[PDB]
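Chains as they are written, first to last, in full-length UniProt numbering: chain A, 50 to 145; chain B, 6 to 48; chain C, 63 to 122; chain D, 2 to 186. Where a beta carbon is used, it is the ideal one built from N, C-alpha and C, also for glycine.
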Amino acid sequence: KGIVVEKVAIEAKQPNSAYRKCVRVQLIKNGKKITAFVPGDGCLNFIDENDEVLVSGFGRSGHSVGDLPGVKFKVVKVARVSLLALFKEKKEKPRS
Amino acid sequence: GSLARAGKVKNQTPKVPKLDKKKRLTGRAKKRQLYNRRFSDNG
Amino acid sequence: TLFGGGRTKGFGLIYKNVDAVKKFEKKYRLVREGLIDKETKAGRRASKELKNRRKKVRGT
Amino acid sequence: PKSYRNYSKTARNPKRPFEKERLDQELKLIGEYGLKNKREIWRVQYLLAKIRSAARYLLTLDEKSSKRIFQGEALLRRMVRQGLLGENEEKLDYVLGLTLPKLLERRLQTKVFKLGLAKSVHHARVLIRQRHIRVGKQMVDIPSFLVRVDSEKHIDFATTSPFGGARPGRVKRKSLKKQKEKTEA
RNA sequence: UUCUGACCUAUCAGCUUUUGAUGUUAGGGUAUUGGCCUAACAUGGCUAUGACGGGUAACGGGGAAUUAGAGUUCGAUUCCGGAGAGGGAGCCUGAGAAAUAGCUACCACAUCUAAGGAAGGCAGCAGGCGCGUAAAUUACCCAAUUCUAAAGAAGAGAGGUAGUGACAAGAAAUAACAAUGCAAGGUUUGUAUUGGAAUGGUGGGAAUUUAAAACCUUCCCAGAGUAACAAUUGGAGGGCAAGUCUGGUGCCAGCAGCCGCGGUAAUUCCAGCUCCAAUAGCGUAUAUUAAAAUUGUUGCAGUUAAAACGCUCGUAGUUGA
């Protein structure tokens with residue numbers, strides 16, 4: 050569990066063009082800042098600027114994944130609601 | 006930063022109602038239907 | 063009974079006389095029978111009252 | 002402390018998910034024997050495989066070996082009880098020869114379909130779940146009961162079933178008709 | 001107390017002996033042997049076959065997962081044994097204790113107090129806070145299982161029984177069937193109209209079960225047709241089983257384990273439709289085993305791909321007509 054410090058826009062490696070929406074989170078345990086990936090296009094505005102994210106690994110252990118350089122972690126539940134559940138269809142509660 | 010164009014495509018697309026349809030089969034019944042549609046009459 | 067009915071398995075006892083029934087069976091089994099009623103109903107609040115007691119703190 | 006009652010997996014997941022030839026074969030097997038899930042096939046497959054493993058171990062051991070003669074005979078006798086091997090065969094290579102349709106052929110639903118009663122494998126399966134069947138002296142609702150040879154002679158209807166002549170018909174319709182007849186008359 | 005058996009580390013190589021290290025003698029001490037402890041005397045003991053250190057997110061074993069066979073990882077956790085009761089230390093009683101719901105003190109915490117003083121230790125069971133990725137009722141009962149007693153009859157949060165419980169594991173529904181009409185086959189097999197049977201789930205009552213109740217099972221009433229008593233999850237280029245289907249977007253948004261896809265026909269996005277895999281279970285993450293004969297004893301590679309010491313002698317090692 051960590052808290053969102055800043056919302057960042059990482060640019061891809063050479064063969065692809067996009068701006069990838071990422072989230073800088075400070076883990077509660079150790080006071081460590083890391084950059085985490087957020088799936089889903091509406092999801093950048095599904096986190097507030099001082100919110101609680103539940104962050105996980107990203108399918109590869111510490112290895113960089115796909116386009117993103119330097120991103121080792123992924124957000125999978127926000128405001129203690131599941132990110133995917135909110136995204137998919139709106140099957141579960143919005144932000145309060 | 007160039008952040009706030011986010012959510013573009015989902016916002017843009019039309020939204021469609023998901024219709025009715027007669028109950029898709031469970032279980033044995035679904036397996037029997039699959040068996041017929043793949044293997045029986047064909048020839 | 064066991065599945066599908068028409069059959070019932072149990073366990074039975076036949077004592078020499080009623081005095082034997084008084085002798086060698088415990089109270090719930092007697093209650094189940096209908097020989098005597100269920101006794102005192104304090105439960106484990108009895109334990110709480112017991113531990114409320116401390117010897118020679120009160121005259122009793 | 003933890004309970005001393007044991008428990009175990011019935012089945013082993015198949016490995017290599019999408020292998021076409023195997024997949025189509027499994028569907029074909031379902032088509033013939035009326036099973037709900039790939040899981041039913043897998044448990045039966047696992048059961049056969051264990052038998053095959055045991056028999057394989059036994060056949061490695063030498064002839065006249067005391068353990069071998071005892072265990073091999075015992076396993077084979079168990080196969081005879083199950084109805085997997087005929088009378089003429091009595092040797093461990095026919096145990097190895099056991100094969101998955103041959104085992105499915107000993108399901109209770111299959112046995113009913115063969116003997117009659119129902120008009121379809123699917124009809125048999127629902128008939129068994131809806132409590133109409135009896136092995137004689139005992140009643141059962143499990144379509145994955147396997148039939149032993151001495152019990153193939155006593156498949157019947159359940160005596161508390163409609164077909165057994167219990168409560169005889171649809172209460173709703175018969176009452177409605179009787180009430181209407183009394184009112185009308 | 002004999003013997004024998006262990007993880008990682010040499011960027012830990014000399015350790016141990018004034019302060020007992022190794023031995024001899026004599027004592028003291030112990031329940032008893034003993035440097036166990038005192039005195040006197042020896043000057044030893046251990047070490048590349050890895051001592052002495054350091055690390056361990058290390059209690060040990062019975063065992064567990066994964067294995068074709070070798071194996072590799074795991075073992076707080078049902079049994080056995082050890083250790084400990086906030087941190088250390090010291091004690092009494094008694095057959096048994098350096099005991100923690102015995103005691104004394106200190107330190108670290110901390111409750112009541114009219115301030116003089118007093119009382120305190122949940123890693124028993126509940127329950128709370130905090131920590132967190134991460135975890136249940138301040139339940140009922142001593143009937144069984146056993147224990148303790150001046151032993152039937154008393155006690156026991158030992159223990160049982162429920163409650164919470166998608167941790168795992170097994171069994172198992174979500175229709176079945178006949179008529180017709182249509183479809184394809186040489187009176188058949190398949191599939192849209194109809195329409196009588198079969199039944200749990202469910203509601204109620206019992207019978208029963210039970211320490212007591214609840215559940216289970218069993219029986220009697222009720223009691224499906226859009227059987228709305230409504231199956232989901234994740235997918236559909238390849239790897240990899242299923243779409244060169246229909247709209248929107250237009251290098252953006254995004255997807256994408258990996259290769260890659262997206263710049264106006266997108267077989268990959270966002271939808272819809274269809275199809276597919278598994279199914280009351282199915283996704284995701286992290287760890288771990290196989291796959292890995294990519295740790296290689298079995299069983300690798302070293303001319304050129306990673307890799308023969310510059311060369312020789314040689315001690316330990318291993319191997320030896």
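Residue i classed as buried or exposed, judged by whether at least 16 other C-beta atoms fall within 10 angstroms
i: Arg-135 of chain D; result: buried
i: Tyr-34 of chain D; result: buried
i: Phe-107 of chain A; result: buried
i: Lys-27 of chain B; result: exposed
i: residue 1 of chain D; result: One cannot answer for residue 1 of chain D here, as it falls past the ends of chain D, which runs 2 to 186.
i: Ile-52 of chain D; result: buried
i: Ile-98 of chain C; result: exposed
i: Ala-56 of chain D; result: buried
i: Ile-31 of chain D; result: buried
i: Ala-9 of chain B; result: exposed
i: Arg-168 of chain D; result: exposed
i: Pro-102 of chain D; result: exposed
i: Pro-64 of chain A; result: exposed
i: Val-148 of chain D; result: buried
i: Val-122 of chain D; result: buried
Partner residues on chain C for residue i, Cβ-Cβ distance less than 8 angstroms
i: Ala-159 of chain D; result: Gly-66
For residue i, three-class secondary structure by DSSP
i: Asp-157 of chain D; result: strand
i: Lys-103 of chain D; result: helix
i: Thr-111 of chain D; result: helix
i: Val-81 of chain D; result: helix
i: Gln-63 of chain A; result: coil
i: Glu-74 of chain D; result: helix
i: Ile-143 of chain D; result: coil
i: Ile-83 of chain A; result: strand
i: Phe-122 of chain A; result: strand
i: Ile-98 of chain C; result: coil
i: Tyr-40 of chain B; result: helix
i: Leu-117 of chain A; result: strand
i: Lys-85 of chain C; result: helix
i: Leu-103 of chain A; result: strand
i: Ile-134 of chain D; result: strand
i: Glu-22 of chain D; result: helix
i: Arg-69 of chain C; result: coil
i: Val-54 of chain A; result: strand
i: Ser-131 of chain A; result: strand
i: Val-21 of chain B; result: coil
i: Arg-29 of chain B; result: coil
i: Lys-13 of chain B; result: helix
i: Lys-178 of chain D; result: helix
i: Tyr-58 of chain D; result: helix
7 angstroms Cβ cut-off: residues of chain C touching residue i
i: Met-80 of chain D; result: Per Cβ cutoff of 7 angstroms: no residues; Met-80 of chain D is ~28 angstroms from chain C at best.
8 angstroms Cβ cut-off: residues of chain A touching residue i
i: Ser-7 of chain B; result: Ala-58, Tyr-68
i: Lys-15 of chain B; result: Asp-90, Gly-91
Listed by chain order, chain D residues near residue i by CB distance under 8 angstroms
i: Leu-39 of chain B; result: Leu-28
Neighbouring residues, chain B, relative to residue i (Cβ below 8 angstroms)
i: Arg-108 of chain D; result: Chain B residues near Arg-108 of chain D: none, gap ~14 angstroms exceeds 8 angstroms.
9 angstroms Cβ cut-off: residues of chain A touching residue i
i: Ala-34 of chain B; result: Within chain A, no residue comes near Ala-34 of chain B; the closest Cβ sits about 28 angstroms away, beyond 9 angstroms.
i: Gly-48 of chain B; result: Going along chain A, no residue has its Cβ under 9 angstroms from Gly-48 of chain B, so there is no contact; the nearest lies around 42 angstroms.
Under 9 angstroms by beta carbon: chain B residues contacting residue i
i: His-123 of chain D; result: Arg-33, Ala-34, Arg-37
i: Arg-126 of chain D; result: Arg-33
Inset, instruction - Check distances from the C-beta atoms of the region 81-115 of chain A to those of chain B and list, in chain order, the residues that come in under 7 angstroms. - result: Answer in chain order: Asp-90, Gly-91, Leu-93, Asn-94.
Legend entry - Inter-stretch contact (C-beta, 8 angstroms, three-pair minimum) for the region 5-21 of chain D and the region 84-91 of chain D: no
Inset, instruction - Could you name the residues of the region 17-46 of chain D whose beta carbon sits closer than 7 angstroms to any beta carbon of chain B, in the order they occur along the chain? - result: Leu-28, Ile-31, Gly-32, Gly-35, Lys-37
Inset, instruction - Kindly confirm or deny that the region 13-30 of chain B and the region 117-133 of chain A touch, where touching means at least three C-beta pairs closer than 8 angstroms. - result: No, because fewer than three Cβ pairs between the region 13-30 of chain B and the region 117-133 of chain A fall closer than 8 angstroms, the two stretches do not touch.
Legend entry - Cβ pair count under 8 angstroms reaching 3, the region 40-49 of chain D against the region 13-29 of chain D: yes
Legend entry - Touching by the beta-carbon criterion (3+ pairs, under 8 angstroms), the region 63-71 of chain A and the region 114-126 of chain A: yes
Inset, instruction - Check whether the region 91-98 of chain D touches the region 56-65 of chain D, taking contact to mean three or more Cβ pairs, one atom from each stretch, closer than 8 angstroms. - result: yes
Inset, instruction - Inspect the CB distances between the region 171-183 of chain D and the region 123-131 of chain D and report whether three or more fall short of 8 angstroms. - result: no
Inset, instruction - Would you check if there are 3 or more beta carbon pairs closer than 8 angstroms linking the region 105-119 of chain D to the region 59-69 of chain D? - result: No, because fewer than three Cβ pairs between the region 105-119 of chain D and the region 59-69 of chain D fall closer than 8 angstroms, the two stretches do not touch.
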